[PDB]
Undergrad: 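Quick one: structure below, then a few questions.
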Amino acid sequence: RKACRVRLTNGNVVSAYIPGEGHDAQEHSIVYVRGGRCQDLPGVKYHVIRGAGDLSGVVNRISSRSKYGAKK
Amino acid sequence: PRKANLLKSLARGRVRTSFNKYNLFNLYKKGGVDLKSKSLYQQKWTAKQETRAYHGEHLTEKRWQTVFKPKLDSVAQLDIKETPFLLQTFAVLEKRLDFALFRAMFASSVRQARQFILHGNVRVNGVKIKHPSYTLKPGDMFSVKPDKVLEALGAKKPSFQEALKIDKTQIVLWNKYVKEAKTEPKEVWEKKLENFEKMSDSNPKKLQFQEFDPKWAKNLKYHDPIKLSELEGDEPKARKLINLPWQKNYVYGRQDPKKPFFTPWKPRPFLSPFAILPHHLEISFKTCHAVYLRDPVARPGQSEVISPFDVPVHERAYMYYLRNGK
Amino acid sequence: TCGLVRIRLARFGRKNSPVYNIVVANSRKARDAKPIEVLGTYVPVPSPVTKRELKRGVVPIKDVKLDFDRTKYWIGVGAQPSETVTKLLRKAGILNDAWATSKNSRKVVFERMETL
Amino acid sequence: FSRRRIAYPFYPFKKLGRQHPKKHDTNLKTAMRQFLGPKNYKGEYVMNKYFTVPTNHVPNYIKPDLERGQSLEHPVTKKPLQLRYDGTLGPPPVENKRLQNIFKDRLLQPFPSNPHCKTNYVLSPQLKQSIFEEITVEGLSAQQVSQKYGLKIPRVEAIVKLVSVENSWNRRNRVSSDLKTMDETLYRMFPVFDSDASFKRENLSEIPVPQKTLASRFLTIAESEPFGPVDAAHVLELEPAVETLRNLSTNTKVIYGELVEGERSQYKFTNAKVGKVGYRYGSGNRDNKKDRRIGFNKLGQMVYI
Amino acid sequence: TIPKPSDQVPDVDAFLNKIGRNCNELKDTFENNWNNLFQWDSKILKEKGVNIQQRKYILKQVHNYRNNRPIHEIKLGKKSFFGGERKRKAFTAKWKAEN
Amino acid sequence: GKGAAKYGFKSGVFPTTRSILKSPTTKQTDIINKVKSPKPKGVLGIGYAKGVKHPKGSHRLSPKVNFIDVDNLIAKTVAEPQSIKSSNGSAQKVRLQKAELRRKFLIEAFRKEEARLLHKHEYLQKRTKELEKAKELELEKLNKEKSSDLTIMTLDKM
RNA sequence: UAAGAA
RNA sequence: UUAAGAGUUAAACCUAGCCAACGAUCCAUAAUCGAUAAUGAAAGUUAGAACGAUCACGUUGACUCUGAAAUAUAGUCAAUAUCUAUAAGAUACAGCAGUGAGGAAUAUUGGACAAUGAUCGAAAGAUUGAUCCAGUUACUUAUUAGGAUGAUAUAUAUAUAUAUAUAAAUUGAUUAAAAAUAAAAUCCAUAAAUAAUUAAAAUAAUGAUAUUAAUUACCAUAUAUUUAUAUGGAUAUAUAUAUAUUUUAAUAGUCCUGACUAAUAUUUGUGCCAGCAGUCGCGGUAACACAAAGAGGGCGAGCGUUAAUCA
Ligand SMILES: [Mg+2]
Ligand SMILES: [Mg+2]
Ligand SMILES: [Mg+2]
Ligand SMILES: [Mg+2]
Ligand SMILES: [Mg+2]
Ligand SMILES: [Mg+2]
Ligand SMILES: [Mg+2]
Ligand SMILES: [Mg+2]
Ligand SMILES: [Mg+2]
Ligand SMILES: [Mg+2]
Ligand SMILES: [Mg+2]
Ligand SMILES: [Mg+2]
Ligand SMILES: [Mg+2]
Ligand SMILES: [Mg+2]
Ligand SMILES: [Mg+2]
Ligand SMILES: [Mg+2]
Ligand SMILES: [Mg+2]
Ligand SMILES: [Mg+2]
Ligand SMILES: [Mg+2]
Ligand SMILES: [Mg+2]
Ligand SMILES: [Mg+2]
Ligand SMILES: [Mg+2]
Ligand SMILES: [Mg+2]
Ligand SMILES: [Mg+2]
């Protein structure tokens, strides 16, 4: 499972799941974090938003594009 | 409003507020709404699906949920059969102008009624109303432009090309009949009288007939064959070139090709299955006027909300819309 | 206008659709603040008249609701009407021509008529 | 349990067998074609029972259950037809017994699944003229016209107004030939209201059911007390139900303003009372809310109340 | 009605010169006609190219002339020499120091 | 907005209606007699008892109610010119017309308020004495022996 | 005018 | 002392009281409320953005003058931070625009005082970033965003069940497997445009909005009570006058289809991987759950999702 530790602007450091088939997250990347846990990963209680910040939308996404930051 | 999409799908089989032929078949083959073997949610969903397909389909779900009323209105007779209270589930839509026009039979559909309203062809007790959501109160007289009503209720006006091809076929059949009559008038008279015997008096021709001579076949005249290629594009020519006993000096369906309907006016096909006289309107067809008497009510054994679905379906739909589908 | 107590119009309604309360207000409070009293309503848009009814000769109607007895009380104790309210009250018969001005100062086609 | 259910006909029809690779057909389409019958060169379905309007004041409503979905008839002799194995239309091998003895109530039932929807009765022009003459000339009150002809009073008043409009239109030669043909073909489609019949005349003792009564309330009283409609009306704090029928069968000071030449409008001042007149302060704003109040101007323009 | 040209205001040019507010540049849009000055309404002036303030001022002064009231130039109020009240203390402080 | 149900479902508020006459008048004998009545004592007492002394700097009795004499109120609030007239000038005429209109309206308001208060008292007395009869008629009409009462079991002796 | 479900 | 009570503030004398486990004192947190909004069957709960009511503050603190009322957005002194004019100076945008920062996130350095108010003036009038309009923004709510008809194309031959043949016939499939009356074509509209007028917001006059709304499809008038036929100005034509009298459409996303939970017409790729997931859970070669095609079910100028409130 692809995850990342993220320090938020309010100072809290959280573990966020990275959804989608492939991601381009790397140290010092700017991300946007919403609620929603990864059920099978204990301690990871947040999701990263695909298509926002430095995290690109899923490549060659056809279905549910809005959930994965993909353009038509 | 919703964009009309697949309103007449045979596979879906939803019944619409429309005199459409496909709508007629959907109504015919329906039977009843099957509620057996279904959970309560599935029953309510099926009921909502069918009944909203009929009652006010062009309204969005959220707008319909806003205009839905839990109140159901009925009359008690002071002077026995059970009052179907829950057929009033969609009574509130019946005071809308677009539904009043359809129930008055001034439009072929609620959709056509909306368009007739939006194009300025409708009036409510004098004043032109261009808003289908307009709601009538008891006693309000509304009216439609008679040409719009005649077009909604009449048959489609054919184009020149189609009418010309039809008239070519008319000529061919007339000539074939004339040849058959001329060659062997004995058998033709025999068949004519036998058919007159077979048919019912309901036909006007039987009453007129109630009201051999070799000279008869001498009156029948062939009709010259027409080729449309040379006759194409000239309506004044084809008008004078067609002369038949039934249609005289005009191409088929276009006696006066400046009116918006089949010009020798005949009712639209498949009109009788949907010809229903409402209990909450008085309709004058000569003037294309109507009066909205009252909001529809339920009385013992009857509901004035015209619908093709039984009381259980409306019960389930009412349960759906009471709780917003919870 | 002058004085602490003033009869004026307070704006209500939507943009491009003004309606007004005729109100007795403190001179300092905001135009749309809750006043001392709401004396009536005023719709500045005339009631539409049909073209045939214009041929008949009706005049469009501007609707004013008003508590006459209380308005006379407020005029009595010294409240000062505004210019628009002064026009409204002069044509209602509450105030006479002494409240007219030089700019506002003619043949009468109709006469102020009171009905029940 | 629920799945998608393609709305196949509930009655037997011949389904597609082997199909030519390029037919590209559906069973629903074949069912519709069999229901409709052959289409003319004129785009007509003469063989379908419902294609043509009736003419004898007996509506031709659908009966897919009585007739087993067999909608075809000979247009001239009106005798039933069926589709034989060879693709021709001929007489049924056996005659239906459900299509001759049809309950008279069923003939006025537009929809086979809703017994409670029935068509209304058209009034003959003679009866409408009679009612118009009675109300307008002889000055008979609408109550006694309603009783005489067995018609609800709002219907009587609507008839009066509609006949007045018809009289104007006839005086102006505005009723064209097409309108008269349409009116008379529509009039011959519906049953004719009969004043004399007891079951065809409208019930004249209907009152709205108000919310107050709808709740069931019960009173325990001595075993022999009389308790009539008036006592019941007293208990529920309502007028008795007979005064409701009786009442259903049946000042402010204003000042118009001085108009002078050149003034485009007049002022009328309606007397009111402080504490009841005005636009209230801090009233609920619904313009951004789902129940925002929409009204219509005296010119029929949609406005925001 | 169209009033009478007076000896104080013979020509439309005289009228414009008397009312002032730099409407002297607006002498061309009129054809120097008394009728044009006294019949053109707000919409006509707007079409001709008169700005909002100019046409409103002209209509006011035309009305005054119609009802026999003087048409002498009312000047638009100006700020004080020491700025407006909100900026007066700062301006006077800097002005007295610099002089 | 369910609170609006408490006020006839009217959303928003009006300013409270001011009273034209801010104290009871002299032509209102009910209030005058009520205030000038003996004051009760005991559990519902109003004031200091016979032997109890009130605080040193306080007043034993509530302040004296000052009833309005509407004739005097008019006389002092709006008096007419004691000089016969001056009748010159233009603005002087305008001011004279305005003053007489204001004065007329103010007397009319004061006296109509007086009349309305006294009329209200008369109407309320009539309403009380009409209800006190309707109620007694109803109670007695529920005393006419009904024949059906013979079917209600009774044990009057016990 | 008070519905439950996994 | 105050207009005025009171350990309110100052002074003196006394008495020994006062509050507190039904929660004192202390600490933290927070502007408060409604005939306002949300929600619910309701009691209630939530919000306190908008509309209105009340309070407090105008960079921070104390004091003073005037005043009926001020610790005033005033003045004095001090603190903080900037500008210059370098002074017992000025400024402090929580007024309107606007900028930077912080943030997931909240707009024009707009027009007019025409209307309603407010200030000054005897008036004429002047001023008004109040206010009224417009701009930006699906943030919210409406209304519109096209109806009727429509399964073929060629041939040949006062009646009417027209009948023969030759072509073709997209995706899926071989019949209850459909996509689909959906397309296309046909008929008839209206919007927009184009021209003519053109009210109302305001009158004594003044209109920012404003390329106004609305109406008429050449223009009037003359009678009927919107539909009419007439009289007269247009109108090119052909040859004053028979004639007609602008043009004219159609533009939807987004989620989902194992159960909860509406979605049966099936297929392909992957193979406890890649991934999905609100809960149960799915994925190990036969995946209705992953990624997709076909078909299907919702809601719809929105749909989903996260954060929250109520139930
Ligand atoms: Mg998904
Ligand atoms: Mg003054
Ligand atoms: Mg299901
Ligand atoms: Mg000056
Ligand atoms: Mg003391
Ligand atoms: Mg002390
Ligand atoms: Mg505590
Ligand atoms: Mg705080
Ligand atoms: Mg709170
Ligand atoms: Mg607020
Ligand atoms: Mg705010
Ligand atoms: Mg302060
Ligand atoms: Mg600041
Ligand atoms: Mg401070
Ligand atoms: Mg600012
Ligand atoms: Mg930032
Ligand atoms: Mg102004
Ligand atoms: Mg400005
Ligand atoms: Mg294929
Ligand atoms: Mg597979
Ligand atoms: Mg799933
Ligand atoms: Mg999937
Ligand atoms: Mg698909
Ligand atoms: Mg919307």
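Chain A is the first sequence line, chain B the second, and so forth, proteins listed ahead of strands; every chain is numbered from 1. Only this structure's heavy atoms are used, side chains among them; waters, hydrogens and symmetry mates stay out.
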Undergrad: Tell me if H/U84 and H/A242 are paired here, counting Watson-Crick or G-U wobble when both donor-acceptor distances sit under 3.5 Å.
TA: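 Not paired: H/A242 with H/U84 fails the WC/G-U check at 3.5 Å.
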Undergrad: Between H/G147 and H/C187, is a Watson-Crick or G-U wobble pair present, with both distances under 3.5 Å?
TA: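 Both donor-acceptor distances below 3.5 Å, so yes.
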Undergrad: Please determine, for the side chain of B/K145, which listed nucleotide (H/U227, H/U261, H/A142) has the closest atom?
TA: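 Of the candidates, H/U227 comes closest.
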Undergrad: Look for any protein N or O under 3.5 Å of an N or O in nucleotides 112-114 of chain H and output each such pair with its distance, or none.
TA:
| residue | atom | partner | partner atom | Å |
| --- | --- | --- | --- | --- |
| H/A112 | OP1 | E/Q53 | NE2 | 2.8 |
| H/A112 | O3' | E/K56 | NZ | 3.0 |
| H/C113 | OP1 | E/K56 | NZ | 2.9 |
| H/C113 | OP2 | E/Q53 | NE2 | 2.7 |
| H/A114 | OP1 | E/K56 | NZ | 2.8 |

Undergrad: I need the OH-P distance between D/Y304 and H/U140, as an integer number of Å.
TA: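 Value for this atom pair: 15 Å.
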Undergrad: Reckon C/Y20 touches a base, only the sugar-phosphate, or nothing at all at heavy-atom distances under 4.0 Å?
TA: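 Sugar-phosphate, no base atom in range.
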Undergrad: Would you mind building the protein contact string for nucleotides 120-127 of chain H? One character per nucleotide, 5' to 3', B for base within reach (heavy atoms under 4.0 Å), S for sugar-phosphate only, - for untouched.
TA: ----SSSS
Undergrad: Please determine whether any donor N or O and acceptor N or O are separated by less than 3.5 Å between the side chain of D/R172 and the base of H/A224.
TA: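 It does, because a donor-acceptor pair links the side chain of D/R172 to the base of H/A224 below 3.5 Å.
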Undergrad: Quick one: the dot-bracket string of RNA chain G, using Watson-Crick and G-U wobble pairs with both distances under 3.5 Å, [ ] for crossing pairs and | for bases paired to another strand.
TA: ......
Undergrad: I'd like a table of atom pairs between the protein and nucleotides 145-152 of chain H - only N or O on both sides, under 3.5 Å - with the distance next to each one.
TA:
| residue | atom | partner | partner atom | Å |
| --- | --- | --- | --- | --- |
| H/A145 | OP1 | B/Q115 | NE2 | 3.2 |
| H/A145 | OP2 | B/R114 | NH1 | 3.3 |
| H/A145 | OP2 | B/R114 | NH2 | 3.3 |
| H/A145 | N7 | B/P1 | N | 3.4 |
| H/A145 | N6 | B/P1 | O | 3.4 |
| H/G146 | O4' | B/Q115 | OE1 | 3.2 |
| H/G147 | OP1 | B/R111 | NH1 | 3.2 |
| H/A148 | OP1 | B/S109 | OG | 2.8 |
| H/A148 | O3' | B/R268 | NH2 | 3.0 |
| H/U149 | OP1 | B/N20 | ND2 | 3.4 |
| H/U149 | OP1 | B/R268 | NH2 | 2.4 |
| H/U149 | OP2 | B/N20 | ND2 | 2.4 |
| H/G150 | OP1 | B/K21 | NZ | 3.0 |
| H/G150 | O6 | B/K8 | NZ | 3.4 |
| H/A151 | OP1 | B/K21 | NZ | 3.4 |
| H/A151 | OP1 | D/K39 | NZ | 2.9 |
| H/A151 | OP2 | B/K21 | NZ | 2.9 |
| H/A151 | OP2 | B/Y22 | OH | 2.9 |
| H/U152 | OP1 | D/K39 | NZ | 3.2 |

Undergrad: Look at the side chain of C/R31 and the base of H/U131, then say whether one donor and one acceptor between them are separated by less than 3.5 Å.
TA: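 Answer no: no donor N or O sits under 3.5 Å from an acceptor.
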Undergrad: Establish whether H/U71 and H/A220 are paired, applying the Watson-Crick or G-U wobble definition with both distances under 3.5 Å.
TA: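 Pair flag for H/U71 and H/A220 is false.
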Undergrad: Between H/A161 and H/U166, how far apart are the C1' atoms? Round to whole Å, please.
TA: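 Result for the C1' pair: 24 Å, nearest Å.
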Undergrad: Using a cutoff of under 3.5 Å, can you pull out all pairs of nitrogen or oxygen atoms linking the protein to nucleotides 191-194 of chain H, with atom names and distances?
TA:
none

Undergrad: Not counting sequence neighbours, which residues clear salt bridge (charged side-chain N to carboxylate O under 4.0 Å, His left out) with E/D41? List them please.
TA: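 For E/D41, no residue satisfies salt bridge (charged side-chain N to carboxylate O under 4.0 Å, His left out) once neighbours in sequence are set aside.
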Undergrad: Taking the sign of the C1'-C2'-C3'-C4' torsion, positive for north and negative for south, which way does the sugar of H/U162 pucker?
TA: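 The sugar ring of H/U162 falls in the north range (positive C1'-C2'-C3'-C4' torsion).
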Undergrad: Taking side-chain contact (heavy atoms from CB on, under 4.5 Å) as the definition, give me every residue that meets it alongside B/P245, ordered by chain and number, with sequence neighbours left out.
TA: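 For B/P245, the residues satisfying side-chain contact (heavy atoms from CB on, under 4.5 Å) (neighbours in sequence not counted) are B/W174.
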Undergrad: Report the C-alpha separation of B/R111 and B/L7 in whole Å, then their side-chain angles, then the decisive distance to 0.1 Å, and conclude whether the side chain to side chain contact (heavy atoms under 4.5 Å, CB included) test is met.
TA: CA-CA 11 Å; B/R111 289 258 187 202; B/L7 295 180; 4.1 Å; yes
Undergrad: Using nucleotides 162-170 of chain H, report all nitrogen or oxygen pairs with the protein that are shorter than 3.5 Å.
TA:
| residue | atom | partner | partner atom | Å |
| --- | --- | --- | --- | --- |
| H/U162 | OP1 | D/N40 | OD1 | 2.6 |
| H/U162 | OP1 | D/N40 | ND2 | 2.7 |
| H/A169 | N1 | D/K23 | NZ | 2.8 |
| H/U170 | OP2 | D/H24 | NE2 | 2.8 |

Undergrad: Suppose the criterion is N1-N3 plus one more Watson-Crick contact, or the two G-U wobble contacts, each under 3.5 Å; do H/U203 and H/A142 qualify?
TA: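 Pair flag for H/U203 and H/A142 is false.
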Undergrad: Just the atom pairs and distances: protein N or O near nucleotides 73-75 of chain H's N or O, under 3.5 Å.
TA:
| residue | atom | partner | partner atom | Å |
| --- | --- | --- | --- | --- |
| H/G75 | OP1 | E/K89 | NZ | 2.7 |

Undergrad: Under the salt bridge (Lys or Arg N to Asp or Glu O under 4.0 Å) rule, what pairs show up with a residue in residues 13-29 of chain D, not counting sequence neighbours?
TA: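 Residue pairs passing salt bridge (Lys or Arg N to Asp or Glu O under 4.0 Å), neighbours aside: D/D25-D/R33.
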Undergrad: Determine the interatomic distance between P on H/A185 and the same-named atom on H/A151; round to the nearest Å.
TA: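 Those two atoms are separated by 16 Å.
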Undergrad: Calculate the interatomic distance between B/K48 atom NZ and H/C299 atom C1'; express it in whole Å.
TA: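 Whole-Å distance recorded here is 9 Å.
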Undergrad: What pairs with C/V49 under side-chain contact (heavy atoms from CB on, under 4.5 Å), at least two apart in sequence or on another chain?
TA: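 If we apply the side-chain contact (heavy atoms from CB on, under 4.5 Å) test to C/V49, skipping adjacent residues, the hits are C/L54, C/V58, C/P60.
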Undergrad: For each nucleotide in nucleotides 269-284 of chain H, reading 5' to 3', give B when a protein heavy atom comes within less than 4.0 Å of its base, S when such contact involves only the sugar-phosphate, and - otherwise.
TA: -----SBBBSS-----
Undergrad: Please give the distance between the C1' atoms of H/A291 and H/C280 as a whole number of Å.
TA: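 One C1' to the other, the span is 23 Å.
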Undergrad: Please confirm whether any donor atom in the side chain of D/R4 sits under 3.5 Å from an acceptor in the base of H/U264, or the reverse.
TA: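 Side chain to base: no pair present.
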Undergrad: How would you label the glycosidic angle of H/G7: syn (within 90° of 0) or anti?
TA: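 Syn conformation for H/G7.
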Undergrad: Applying a 4.0 Å non-hydrogen cut-off, can you work out what B/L220 is touching in the nucleic acid: base, sugar-phosphate, or nothing?
TA: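 No contact.
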